[PDB]
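J.: this block holds the first chain(s) of the complex, placed as they are in the complex; more will follow:
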Amino acid sequence: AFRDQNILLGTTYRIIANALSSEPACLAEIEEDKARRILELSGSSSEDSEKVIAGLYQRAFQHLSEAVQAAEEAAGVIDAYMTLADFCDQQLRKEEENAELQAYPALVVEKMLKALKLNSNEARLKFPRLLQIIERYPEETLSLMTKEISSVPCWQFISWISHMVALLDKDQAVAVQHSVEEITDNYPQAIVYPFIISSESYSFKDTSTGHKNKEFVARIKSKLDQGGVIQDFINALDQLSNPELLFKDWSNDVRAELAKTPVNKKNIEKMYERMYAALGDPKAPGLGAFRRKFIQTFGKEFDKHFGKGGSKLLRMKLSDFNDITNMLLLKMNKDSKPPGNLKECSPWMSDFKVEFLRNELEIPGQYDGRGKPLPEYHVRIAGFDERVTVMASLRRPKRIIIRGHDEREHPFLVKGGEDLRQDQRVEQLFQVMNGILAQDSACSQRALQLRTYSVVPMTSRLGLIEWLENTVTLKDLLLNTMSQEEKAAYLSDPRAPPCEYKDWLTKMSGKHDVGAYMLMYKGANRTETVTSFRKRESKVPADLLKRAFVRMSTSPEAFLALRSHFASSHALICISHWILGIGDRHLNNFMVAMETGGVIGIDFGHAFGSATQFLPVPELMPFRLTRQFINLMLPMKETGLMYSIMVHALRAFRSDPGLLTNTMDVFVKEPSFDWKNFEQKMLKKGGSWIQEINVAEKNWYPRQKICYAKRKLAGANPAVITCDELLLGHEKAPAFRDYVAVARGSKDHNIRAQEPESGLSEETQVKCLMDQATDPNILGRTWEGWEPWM
Amino acid sequence: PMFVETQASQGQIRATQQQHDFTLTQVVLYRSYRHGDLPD
């Protein structure tokens, strides 16, 4: 009771001190007795408000440290550790944003690792803050960290194992080196792919420390090649990728590099040999007949132009290199054809034959992280079903079916060429997010959970995504509901919205390219866009989703449950894609489960409002709430199910954001989430922008992406966030004033302009959030491939 | 997943003949349909 008494009294002092610091004018607003009672209670006597705030914090730290000291004699000791730990962490952040905080970075590390020793969840999720605080305070904590993380159970790090192997080339590797090798001893398959993906980027420095790091990494690489089975599995999966697509990606990552003169041929030759090792040299590690046919058609021309060696392309010719690649690609996008038997493209997967005591190919993504692993029940690969189905997209990924040893069949979506680490960490954020949603009463009683699917990056330019079965994408659902008159009249008719919109954009601008928006945002006033939007809105049938669910269901209770599940799941992913700020939510990026009705969100390219920052035509909406989603709930208005789901989920997040803001922080502070990766990501996508006509690197600075996210989780107007975010990306745009004028609203037609900028509440914020996403002035002048009329 | 076939390389029905090749354990002729072949 003494320990809990001191926890509570320290929390009281912390609440008062955080209250006076948020607005230090309410202290001179309340009462002459109340102000004097606060000024007495801190003990400091200055009447300056800054010293009385620091004195309140000192009393809070005194009481909480007394609680930690009293806690050293399961549910009540780790609470005492975590209150002091997150208090000193919050103080440290309040210093590091802009001599009292001296003994804090030792204290956070010590008490947080002690809590993680005692099977905590809130200390397990707040662990990468320690590896972030090690670098920024290396004097107080580099050997303390090591001697305390030594005696911590090795499987507590599996969820954050992709940070340690990236830390393993630093000045502070010794603080993690014990747990990495303990993981390699106990559970080797939990570290294999994050080790492989981080061996690509080490750059070991030249000290007595860096050489020991190189010795340690070589030791772990010797320990992880159990027969070299995984590199065969990765290579045979890498066979399942279109070769003209790998060539076009190589043209991308050679052209941009070669445009930087004095081009410095050292990395260019490495890029070329990595091209020729897979698309060149035919006597290869085990290619199949697909890649073999490709090489026999186009391997002789790769030294006719680029030279044996590769020093023949070193006459950079930055226009004529594109001429070479176009001369290739004109044939290349015709001659290839994706094969549909697994023996025709990957003989190692065709001839699997799990061997007589060699190893085990565990099916990837099975160490989630929490609890003891117990890999006796993990699924191992017995063989691959010989039916590969190609999806119909530009970056067409193949679908394989892995027959696991436990009587069952698992389908996966193998896609090569792109970096899946962003998708994996967004899914990890969703795990944190609907772990928060489960520990809330009003959300668990509604049973609100985001549908998560596992994403595994094997290496760069190759990864496996779990296949979600009996699902179909939303645009395919809407287009399969349509009758052959509605369907073909929507697809081939010049008065249909996908053809009328382009005419209306020429009618406003004059041109036929993406520069039409930088003239239509200024040239078209508010009533023209709204009226033209309704005229191209009423051409699609009014109730496609209701007819989809009617012909999808067989009884009125079935229809009611399908529509209620669609509504709840879509409102949850609408409010949870805005907190992260995920953009480019067109109709193919949603997938609806045909046997249950729920919505799944896929394809997380744009992470933190980079849709409304970096695209040429920005996307000024929080989420997808077009006319179908609100005709489905008719006769009930928009105060119905979706509004209460959004309000309940937003309140559940904004109750305690300490867990969420830290995880968004360690996601956005990753070096692999940077401008080089985003630039090379949107290049192989077509999408809204085709090239970069920017001034220097477009100024990606993640200092304030999370400042925006903390503002919107603390209470902000959402349209204030949109102007604040396109101010970072569109100030040198010719239509910046009209972008802000469109996003801000009217003070006449919209609730988002009739509110303050900040200090909002949950009902109010979702009110002006649903107002923005349904604004016809916003939907009428947004991107043409987004299809806002649906 | 159905088997998509192999990538390419680089008076109605026949009647029941009574004469076999393989012995049992321990130009062909055609006919038409006789009312129990197909469903009615």
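T.: Arrived safely. Residues are numbered from 1 along each chain as shown, chains lettered A, B, ... in the order given.
J.: wait, what's in contact with the residue nearest the centre of chain B?
T.: Nearest to the mean C-alpha position of chain B, by Cα atoms, centre = their mean, lies residue B:14 at 7.0 Å. Contacts for residue B:14 were tallied using Cβ atoms under 8 Å, 6 or more residues apart in numbering or on different chains; they are B:28, B:29, B:30, B:31. Yep, even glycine has a C-beta here, placed from its N, CA and C like the rest.
J.: what ranges do the strands span in chain B?
T.: Here chain B has its strands, by DSSP state E, at B:13-14, B:30-31.
J.: tell me which of the ones you listed lies nearest to residue A:604.
T.: When the strands of chain B are compared by Cβ to Cβ, strand B:13-14 sits nearest residue A:604, at 56.9 Å.
J.: pairing partners for that closest one, with directions?
T.: strand B:30-31 (antiparallel) (DSSP bridges).
J.: quickly check: the longest strand along chain A near chain B or not.
T.: For chain A, the longest strand by residue count, based on DSSP E, is strand A:381-390. Yes: interface with chain B: strand A:381-390 contributes A:385, A:387, A:389 (Cβ under 8 Å from any Cβ of the partner chain).
J.: list the buried ones in that strand?
T.: Going by neighbour count (16 or more other Cβ atoms under 10 Å in any protein chain shown), the buried part of strand A:381-390 is A:381, A:382, A:383, A:384, A:386, A:388, A:389, A:390.
J.: those: which two are farthest apart?
T.: Farthest pair in those, by Cβ to Cβ: A:382 and A:390, 24.0 Å.
J.: and the contacts of stretch A:659-677?
T.: With Cβ under 8 Å, 6+ apart as the test, stretch A:659-677 has contacts from A:122, A:125-126, A:128-129, A:132, A:163, A:166, A:419, A:421-422, A:425-426, A:428-429, A:432-433, A:436, A:579-580, A:607-608, A:653, A:697-698, A:700, A:702, A:705-706, A:709-710, A:713.
J.: at 7 Å instead, please
T.: Stretch A:659-677 is contacted by residues A:122, A:125-126, A:128-129, A:132, A:419, A:421-422, A:425, A:429, A:432-433, A:436, A:608, A:653, A:697-698, A:700, A:702, A:705-706, A:709-710, A:713 when judged by Cβ atoms under 7 Å, 6 or more residues apart in numbering or on different chains.
J.: cool, and stretch A:292-305?
T.: Contacts of stretch A:292-305 (Cβ under 7 Å, 6+ apart): A:243, A:276, A:279, A:280, A:282, A:313, A:324, A:328, A:335, A:336.
J.: hmm, the last one is touching residue A:246, no?
T.: I take that to be residue A:336. No: when contacts are counted by Cβ atoms under 7 Å, residue A:336 is not listed as touching residue A:246 (11.1 Å).
J.: pull up the overlap in contacts between the two.
T.: Going by Cβ under 7 Å, 6+ apart, no residue sits against residue A:336 while also sitting against residue A:246.
J.: will you turn the strands of chain B into a markdown table that also has distance to residue A:230?
T.: Below are the strands of chain B laid out as a markdown table (distance: least, Cβ to Cβ, whole Å):
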| stretch | distance to residue A:230 |
| --- | --- |
| strand B:13-14 | 54 |
| strand B:30-31 | 58 |
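J.: please identify which of these is closest to residue A:93.
T.: strand B:13-14 (82.4 Å).
J.: how about residue A:289, nearest residue that isn't a chain neighbour?
T.: Leaving aside its sequence neighbours, residue A:289 sits nearest to residue A:344 (Cβ to Cβ, 6 or more residues apart in numbering or on different chains; 5.2 Å).
J.: drop chain C onto that structure:
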Amino acid sequence: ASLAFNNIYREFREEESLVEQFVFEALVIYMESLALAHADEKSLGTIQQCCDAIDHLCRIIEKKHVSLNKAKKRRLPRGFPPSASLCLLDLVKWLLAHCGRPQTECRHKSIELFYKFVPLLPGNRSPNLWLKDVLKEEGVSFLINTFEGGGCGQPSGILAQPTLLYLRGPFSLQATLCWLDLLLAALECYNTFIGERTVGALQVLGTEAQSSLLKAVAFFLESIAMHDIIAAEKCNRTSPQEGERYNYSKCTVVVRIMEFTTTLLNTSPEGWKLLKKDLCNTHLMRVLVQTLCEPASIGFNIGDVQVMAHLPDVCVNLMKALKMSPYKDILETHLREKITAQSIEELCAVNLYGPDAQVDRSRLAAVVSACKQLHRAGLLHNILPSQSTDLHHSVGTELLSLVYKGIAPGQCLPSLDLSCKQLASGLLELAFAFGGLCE
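T.: Following on from the chains above, chain C is added here:
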């Protein structure tokens, strides 16, 4: 998948273009599925149905043997290289390469399919001649890498792992079973290829060859064969079922080693000298006299009457085989310490007819079956002389007079139990087997 072929073989064999494209691809994976069926339990009959399917496909191949080995563009089986054609000879080479694979029944079917398929090839030579050709033109150690090398894929087997020490980790029981099955596969293929003549005995395990069969069998008999106390292969806690499977697998490799040495003696007469440095010493002879005098101490089971109907003839042919050898005296010196005269005057002095008197009557039946089997070998008068007067035999009537006055009144009567009849039938059969004595 096997039930669906055992119904349609009758029609699938009745079309040429359907059988001159599909038969090799069918046979290869039906072998592979039978190899996968090694793991499951012997009640589902999946092994039975795959052997039925393989025999149906084999009779199909046997009929149309003239058109199959003609080089034609057929449909390739899994694991096969890309070729301009396919013949039967490549299938024979696939069968020969998949000879020493660890899975039992698939190894058996692969061996016998090879033997059925070295005929029906264009020139019709015997398997002696064709393998001599391929051993003239591919090296003798290729064949040793097929026999010894388990399967073909991973470079493994007892050529890679001669002792269980090289297969080391934390102790897993199933891994020792993998090693035993690899050794058992090499034993079976060596034993079959030397028995059905087809190879020279002295020119496979000889001059300059890493034939790690003899190293493996020496390590097996040195420490592993005798004392399956299963701790003998750990260097925790054992269950009966983990131990019973171990004893079954341990017994059925001892049996195949006994048949292998039998074939090695009966095939090459001057190749006795190979099995001198390792085999004919305390190890193999200790196991053999142990199996003769009491097999259940070594790890067998009495309930399986089938293996108790196979153990007589294997030890009989083994004792008969080195009867005509320089190892007759090592046989005699290892038999004439557990089988002596006082060894039977000891056991002839128990109280036989009591209602609980299995105090040596349990261990009498082992010596009774031992002398029955020694007599059927034909060496009973070699190990037991006539030490009374003459050809008028001492114990050959003393056992008769024993069981005679054993059912004398005088305590009132001996009334008989269950194992008394089994013992007495054995004593009578040994007494009658001693020679003559019908009068």
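J.: once more for the contacts of residue B:14, now including chain C?
T.: If you count contacts by Cβ under 7 Å, 6+ apart, residue B:14 has them with B:28, B:29, B:30.
J.: if you set the cut-off to 10 Å instead, what comes out?
T.: Applying Cβ atoms under 10 Å, 6 or more residues apart in numbering or on different chains, we find residue B:14 in contact with B:28, B:29, B:30, B:31.
J.: now do residue C:82
T.: A:289, A:292, A:347, C:76.
J.: which helix or which strand is home to the closest residue in space to residue C:22 that isn't next to it in sequence?
T.: Distances taken as Cβ to Cβ, 6+ apart place residue C:75 nearest to residue C:22, at 6.3 Å, with adjacent residues excluded. Counting by DSSP states H and E, no helix or strand carries residue C:75.
J.: so which strand or helix has the residue nearest to residue A:137 when sequence neighbours are not counted?
T.: Excluding the flanking residues, the one nearest residue A:137 by Cβ to Cβ, 6+ apart is residue A:105, at 3.8 Å. Using DSSP H and E, residue A:105 sits within helix A:104-117.
J.: so what's the residue count around residue 23?
T.: Defaulting to chain A. Neighbour count of residue A:23, defined by other Cβ atoms under 10 Å in any protein chain shown: 10.
J.: wrong one, chain B
T.: Here the count is done by other Cβ under 10 Å, and residue B:23 has 7 residues near it.
J.: list the buried ones in the helix or strand harbouring residue A:506?
T.: Assigned by DSSP H and E, residue A:506 belongs to helix A:497-508. Of the residues in helix A:497-508, A:497, A:498, A:500, A:501, A:504, A:505, A:508 count as buried by neighbour count, 16+ other Cβ under 10 Å.
J.: also stretch C:188-198?
T.: Buried positions in stretch C:188-198, judged by neighbour count with 16+ other Cβ under 10 Å: C:188, C:189, C:190, C:191, C:192, C:193, C:194, C:195, C:198.
J.: list phi and psi for the fourth one.
T.: Listed backbone geometry of residue C:191 is phi -70, psi -40, with angles given as degrees, to the nearest 10.
J.: could you measure from it over to residue C:377?
T.: Taking Cβ to Cβ, to the nearest Å as the measure, residue C:191 falls 21 Å from residue C:377.
J.: try the third one
T.: Between residue C:190 and residue C:377 the distance is 25 Å, computed by Cβ to Cβ.
J.: residue C:219 too?
T.: Residue C:219 is 29 Å from residue C:377, by Cβ to Cβ.
J.: make JSON lines from the buried residues of helix A:497-508 and add distance to chain B to it.
T.: Below are the buried residues of helix A:497-508 laid out as JSON lines (distance: Cβ to the nearest Cβ, whole Å):
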{"residue": "A:497", "distance to chain B": "35"}
{"residue": "A:498", "distance to chain B": "31"}
{"residue": "A:500", "distance to chain B": "38"}
{"residue": "A:501", "distance to chain B": "37"}
{"residue": "A:504", "distance to chain B": "42"}
{"residue": "A:505", "distance to chain B": "40"}
{"residue": "A:508", "distance to chain B": "46"}
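J.: list the contacts for whichever residue of chain B sits closest to chain C?
T.: Nearest to chain C in chain B, going by Cβ to the nearest Cβ, is residue B:22, at a distance of 5.4 Å. By Cβ under 10 Å, 6+ apart, the contact set of residue B:22 is C:9, C:10, C:13, C:14, C:59, C:60, C:63, C:64.
J.: now the residues you listed: which count as buried?
T.: By 16+ other Cβ under 10 Å, the contacts of residue B:22 give C:9, C:13, C:60, C:64 as buried.
J.: and the third one, its phi and psi?
T.: Same thing as residue C:60. phi -60, psi -40.
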